[PDB]
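One structure is given below, encoded as structure tokens.
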Amino acid sequence: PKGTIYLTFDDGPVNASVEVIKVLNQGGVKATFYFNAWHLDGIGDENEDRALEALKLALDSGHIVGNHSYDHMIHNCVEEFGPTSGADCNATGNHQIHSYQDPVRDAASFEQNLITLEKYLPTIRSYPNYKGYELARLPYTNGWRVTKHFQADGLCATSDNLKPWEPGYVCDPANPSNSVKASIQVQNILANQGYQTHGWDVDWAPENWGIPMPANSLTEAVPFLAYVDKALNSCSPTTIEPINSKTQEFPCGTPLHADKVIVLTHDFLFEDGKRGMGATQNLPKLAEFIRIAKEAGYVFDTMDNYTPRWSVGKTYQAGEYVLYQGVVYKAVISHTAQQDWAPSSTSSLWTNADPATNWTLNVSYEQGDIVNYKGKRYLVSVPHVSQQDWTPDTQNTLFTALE
Amino acid sequence: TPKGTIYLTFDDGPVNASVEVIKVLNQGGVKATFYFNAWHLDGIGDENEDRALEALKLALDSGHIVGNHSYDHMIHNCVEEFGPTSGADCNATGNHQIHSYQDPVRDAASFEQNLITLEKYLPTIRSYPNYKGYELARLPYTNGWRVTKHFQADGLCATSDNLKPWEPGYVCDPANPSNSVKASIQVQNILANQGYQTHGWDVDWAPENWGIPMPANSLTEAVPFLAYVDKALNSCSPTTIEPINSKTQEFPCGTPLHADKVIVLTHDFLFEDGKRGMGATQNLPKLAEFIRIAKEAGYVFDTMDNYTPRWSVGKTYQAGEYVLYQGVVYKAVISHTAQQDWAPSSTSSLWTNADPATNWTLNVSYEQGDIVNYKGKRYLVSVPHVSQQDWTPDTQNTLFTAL
Ligand SMILES: CC(=O)N[C@@H]1[C@@H](O)[C@H](O)[C@@H](CO)O[C@@H]1O
Ligand SMILES: CC(=O)N[C@@H]1[C@@H](O)[C@H](O)[C@@H](CO)O[C@@H]1O
Ligand code: NA
Ligand code: NA
């Protein structure tokens with residue numbers, strides 16, 4: 001394959017999701033849906049009476065479900081959150097303003113999302129493709145928590161002052177908005193709960209938002225495939241437009257990102273409704289894109305595999321990353337994986353490389369890392385692999401407590 | 001070798017009384033397990049609880065294990081509508097044990113809300129290895145157990161649909177339990193599928209007389225309570241315990257994991273000078289003395305994270321022995337000595353997953369008649385076997401029979 005494409009759909013489950021899923025199924029591909037469960041409560045200001053049906057269909061069809069937060073941070077778009085808050089924020093269009101405030105409350109939205117999903121579909125944890133507690137993506141934000149050495153934020157994703165299209169819009173990555181700072185904290189809080197978060201390389205969106213029925217201008221399949229070709233191995237998270245979609249410090253050439261393109265789009269762009277005739281005009285674009293992308297040599301995969309699963313029989317080079325039972329690991333020495341030699345907290349063959357900050361066992365800590373342990377912060381003074389006896393509060397030759 | 005292992009477990013914190021309890025534990029040189037209800041942090045649990053957050057921090061900093069007792073102790077099922085006054089309202093009626101469990105999905109959800117609230121008031125809590133809020137739980141009112149695949153049992157008269165156990169005409173039929181009890185059984189199962197273990201108790205350190213105006217005063221004295229512990233050692237107390245609503249009728253008497261162990265249940269608020277009596281003045285000395293004389297008698301104290309012994313390299317295990325590893329229960333396949341690189345996992349040849357859960361899972365030894373959930377459907381295990389990736393219930397209609 002010349003590459004791997006990860007189709008990722010945000011903001012479902014809504015009525016529009018149903019036909020999208022069927023197009024994916026007809027195309028013989030799996031995708032990842034980052035869901036907001038407020039649609040299940042009927043307060044997300046979309047056609048969403050089939051929300052539960054859509055959730056069931058995505059899961060029964062084998063697509064991966066991940067976590068986009070319960071309400072898409074709309075509680076930060078309004079004064080008091082309630083059943084009309086989606087409509088109100090849609091009225092004002094202030095989604096990108098003050099999007100993140102209290103990072104603790106905002107992170108908690110991701111856990112509430114789990115509660116609501118498991119309320120409406122009590123059997124959801126019986127699905128191996130339910131990944132709501134492992135894979136997340138922040139609203140508005142092209143941010144990444146993939147490995148210890150693959151993390152980067154969307155430094156101008158959201159704003160404190162005014163929406164980005166306007167004269168005088170200021171974006172300083174070195175001194176980001178309050179909303180962006182808070183969102184960075186949200187990322188860290190999720191990573192410490194074991195989440196990975198992923199941004200995107202290309203955004204399948206209206207070419208022109210100013211025309212009537214803007215959804216109709218979704219990029220046609222042929223030129224969209226052109227965008228994907230251009231993104232392939234080109235660190236497009238740094239070059240993408242608009243500015244609020246950029247990942248300024250994305251680690252270009254990082255090994256896990258090679259030969260891969262993550263596509264972001266939205267289920268709601270594919271319905272005939274308030275944004276245009278998205279079903280009529282866009283379902284065929286999705287279908288054709290899948291076909292021509294395969295013709296060109298691409299294969300489609302899902303985000304649970306973006307970090308490849310540890311696999312018995314495969315030989316690994318030192319430095320390579322795998323995902324095993326939800327945890328990221330990096331090979332310590334080159335070897336061939338065998339049944340009893342899986343990654344773990346005690347394996348000599350692997351170290352834990354989750355994108356987290358809480359002190360953890362079997363991590364290869366580097367000079368300058370800061371970890372949290374029993375409510376305090378510690379600076380790593382000497383590189384080493386962590387172990388049970390070497391806790392930060394008892395190893396002053398390895399850690400120094402910060403103020 | 002020690003006479004046995006005692007597990008001190010305190011329920012219904014964190015409250016003011018918890019602080020001095022913790023200090024006594026520390027002076028006694030022991031660790032305990034606190035099953036907390038986080039509503040006290042919100043100041044609506046109708047206790048003296050302005051120091052709730054102080055008590056939580058102290059418990060964790062002191063190395064005690066924090067487990068999950070649900071957010072509101074199911075008080076939402078004691079009143080028509082849950083709110084800031086419900087704790088008080090339920091204490092007025094004394095109907096805690098009636099209709100205690102109703103909608104098991106909502107009730108289970110209270111355990112996850114508990115995590116949100118704990119991680120709200122103490123945002124650093126996940127940096128404590130002794131925070132086990134997402135791994136260890138205990139149901140309100142209920143001597144019920146989800147420990148391993150072959151160590152689970154319910155409190156079949158723990159809660160009632162009408163009368164309380166002491167009221168005339170009250171009937172307990174374990175063979176046809178109350179609707180409240182049936183709901184609680186489903187709650188146990190939901191939690192198990194989220195990776196929780198739940199544990200009941202062997203002895204309950206409580207008023208010897210609830211009919212006086214200061215019942216806390218009659219808490220069993222240290223010496224006779226130690227006599228209760230001796231009595232409970234290896235004698236299947238959960239079956240013989242009184243009152244009837246504290247029984248675990250089908251507890252697996254003699255099960256190896258319970259050998260030479262006694263779990264003590266008590267409550268932080270029994271050690272308070274307050275509405276229940278002079279608990280701090282009279283009972284803190286009882287606790288302190290108990291610890292001292294128990295140790296003198298040859299007992300050692302441990303916590304519930306070790307009740308199922310943690311896997312440790314260099315230790316020898318026998319076929320059928322259980323360990324806990326990274327929060328997951330495993331059962332040894334053959335006699336062997338644990339090595340660094342050979343840890344229990346989903347692919348190990350030396351171990352099988354033996355979590356007390358019902359969702360289909362890799363590397364589990366399934367018995368005939370087991371019922372597993374998979375992608376929203378239920379399946380009877382028709383052919384006992386050890387599960388593997390290629391033998392999913394939806395593709396294996398000889399091993400499994402759809403229900
Ligand atoms: C112009 C447009 O389609 N905006 C939508 C908004 O309506 C929606 O509530 C939000 C969360 O789903 O996503 C986007 O910001
Ligand atoms: C008699 C007594 O102390 N009952 C308490 C009740 O007051 C409390 O609200 C509940 C939850 O903490 O636990 C017990 O049922
Ligand atoms: Na993870
Ligand atoms: Na567990």
Side-chain angles (χ1 to χ4, degrees), chain A residues 10-14 16 34-36 38-39 43-46 48 68-69 71-74 77 85-96 99 139-140 158 163 205-206 209 214-215 266-269 271 273-276 278, chain B residues 11-15 35-37 39-40 44-47 49 69-75 78 86-97 100 132 134-137 140-141 146-148 159 191-198 206-207 210 215-216 267-270 272 274-277 279 305 308 324-330 353-357 361:
Chain A
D10 286 12
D11 296 22
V14 291
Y34 290 99
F35 278 164
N36 306 119
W38 65 331
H39 296 298
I43 66 168
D45 201 35
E46 307 281 351
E48 54 198 37
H68 203 34
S69 84
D71 70 348
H72 207 277
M73 299 306 125
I74 265 73
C77 183
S85 297
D88 304 337
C89 186
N90 276 339
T92 71
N94 291 331
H95 300 91
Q96 297 184 0
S99 309
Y140 316 116
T158 57
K163 302 157 207 189
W209 278 99
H266 297 74
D267 312 33
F268 61 59
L269 289 172
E271 63 161 1
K274 61 186 170 187
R275 293 177 181 84
Chain B
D11 287 10
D12 295 19
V15 289
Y35 294 95
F36 280 161
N37 307 115
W39 63 334
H40 295 304
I44 70 166
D46 195 36
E47 300 290 346
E49 60 196 37
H69 200 33
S70 86
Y71 169 71
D72 72 339
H73 204 284
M74 301 304 128
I75 262 63
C78 184
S86 297
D89 297 330
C90 188
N91 282 329
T93 61
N95 291 337
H96 300 92
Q97 298 181 13
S100 316
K132 299 300 202 171
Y134 52 92
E135 283 178 6
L136 297 173
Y141 313 120
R146 292 292 186 281
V147 181
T148 77
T159 58
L191 295 188
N193 280 331
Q194 289 159 342
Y196 287 94
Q197 287 182 303
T198 63
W210 276 107
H267 292 75
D268 310 32
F269 61 58
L270 292 172
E272 186 188 34
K275 60 186 171 184
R276 298 172 183 86
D305 60 319
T308 311
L324 203 46
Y325 186 64
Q326 297 176 175
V328 178
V329 177
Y330 293 95
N353 174 311
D355 267 349
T361 301

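Naming: A, B, ... by sequence-line order, numbering from 1 per chain. Whatever order the structure lists ligands and atoms in, that order sets their numbers, starting from 1.
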> From B:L136 CG over to B:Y196 OH, what is the distance, rounded to the nearest 0.5 angstrom?
Replying inline: 9.5 Å

> Which residue and non-hydrogen atom of the protein lie closest to atom 4 (N) of ligand 2, and at what distance in Å?
Replying inline: B:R276 NH2, 4.4 Å

> Can you find a pair of side-chain heavy atoms, one from B:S70 and one from B:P140, that are under 4.5 Å apart?
Replying inline: yes

> Should B:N91 be counted as touching ligand 2, given the test is an N or O pair under 3.5 Å?
Replying inline: yes

> When you draw lines from the Na ion (ligand 4) to O of B:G327 and to O of B:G195, what angle lies between them, to the nearest 10°?
Replying inline: 170°

>> I need the nearest protein heavy-atom contact for atom 1 (C) of ligand 1: residue, atom name and distance, please.
In response: A:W209 CZ3, 3.9 Å

>> For ligand 2 and B:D12, I'd like to know whether there is a polar contact (N/O to N/O, distance under 3.5 Å).
In response: yes

> Short list, please: which atoms of ligand 2 are under 4.0 Å from a heavy atom of B:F269?
Replying inline: 3 (O)

> B:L324 versus B:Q197: any side-chain heavy-atom pair under 4.5 Å?
Replying inline: yes

>> Suppose we only count N/O/S atoms under 3.0 Å; would B:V328 qualify as near the Na ion (ligand 4)?
In response: no

>> Which heavy atom of B:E49 sits nearest to which heavy atom of B:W39, and what is that distance?
In response: OE2-O, 4.2 Å

> For A:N90 and A:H95, does a side-chain donor sit closer than 3.5 Å to a side-chain acceptor?
Replying inline: yes

> Hey, does B:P207 have a side-chain heavy atom less than 4.5 Å from the side chain of B:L270?
Replying inline: yes

> Which ligand 1 atoms, with their elements, are less than 4.0 angstrom from a heavy-atom of A:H72?
Replying inline: 11 (C)

>> Within the structure provided, determine whether B:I44 and B:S86 are in side-chain contact (heavy-atom separation under 4.5 Å).
In response: no

>> Quick check on contacts: which atoms of ligand 1 are under 4.0 angstrom from a heavy atom of A:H95?
In response: 6 (C), 9 (O)

> Counting backbone and side chain alike, does B:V329 bring an N/O/S atom below 3.0 Å of the Na ion (ligand 4)?
Replying inline: no

